[PDB]
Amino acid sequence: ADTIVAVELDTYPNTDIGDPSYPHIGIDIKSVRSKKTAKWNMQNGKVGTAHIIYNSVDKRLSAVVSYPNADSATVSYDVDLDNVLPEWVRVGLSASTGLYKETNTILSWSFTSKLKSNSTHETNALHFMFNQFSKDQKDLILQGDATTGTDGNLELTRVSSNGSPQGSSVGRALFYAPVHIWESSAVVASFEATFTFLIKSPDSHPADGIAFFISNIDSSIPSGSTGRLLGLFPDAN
């Protein structure tokens, strides 16, 4: 099966599987049951921003989610991505809906990864920045219901012609090129990701959430991962 490290923006509390009783953000290491969570005052209809950072010196995965003129939500977890992820990976965005829904719109997404070898200076880097998605975005691997181009945005889950979010939907978008996240003899490696999202729903309890994830290169949507599984895990283990 796939190896998944993700930062989830969980809008629906599935208490039957360990979620806290409120929308939250969490750090998921190979499991949908976050190793660490933080309360998130999600705002229906507003545009938010997520920022995720990591470096091999501190070995700490941190994320901050904010809305303009509102306090931010922060979550951190000490983890050595070398002990978890394969050397080469792919990075992406995933979302789902199930019984209750929401739009899982991404307006912008940027990512930067650096890897420095022992050889004096000479750092390797990868950076991509999408501020406008188009139809036929060949540098993205769209999976499930994910689509691009509508209003220049990336809709991870199904949205009807009039803009109504559909339930029982799942979609992901991964950057085409694999990323060298670590090397056995690297002095320092780091990455930073940023994305702005718009989650709105006519439900009083939107669902299910969006996630930024890092996986094996060949990852694909596991069967029946709609809803609470955020399109990342095959089960709730």
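So that there is no doubt, residue numbering starts at 1 and follows the sequence shown.
A.B. asks: Hey, which bit's got the bigger mean C-alpha B factor in the entry, 56-64 or 41-49?
C.D. replies: Taking the mean B-factor of the alpha carbons in each, 41-49 is higher.
A.B. asks: Return whichever of 66-74 and 175-183 has the greater mean Cα B factor according to the PDB record.
C.D. replies: Looking at the record's C-alpha B-factors, the answer is 66-74.
A.B. asks: For the listed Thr148, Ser94, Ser110, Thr105, which has the peak Cα B-factor recorded in the PDB entry?
C.D. replies: Of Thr148, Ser94, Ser110, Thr105, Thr148 has the highest C-alpha B-factor.
A.B. asks: Taking the chain's C-alpha temperature factors as the reference, tell me which third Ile17 falls into: lowest, middle or highest.
C.D. replies: According to the entry, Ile17 has a C-alpha B-factor in the chain's highest third.
A.B. asks: Please rank the C-alpha B-factors of the chain's modelled residues and tell me whether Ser34 sits in the lowest, middle or highest third.
C.D. replies: Its C-alpha B-factor, which the entry lists for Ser34, ranks in the middle third among residues of this chain.
A.B. asks: According to the PDB entry, is the CA B factor of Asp208 in the bottom, middle or top third of its chain, that is, lowest, middle or highest?
C.D. replies: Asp208: CA B-factor falls in the lowest third of its chain.
A.B. asks: Within this chain, which third does the Cα B-factor at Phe133 fall in: lowest, middle or highest?
C.D. replies: Top third by C-alpha B-factor.
A.B. asks: Grab the CA temperature factor for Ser223 from the record and place it in the lowest, middle or highest third of its chain.
C.D. replies: Within its chain, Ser223 is a highest-third residue by C-alpha B-factor, going by the deposited values.
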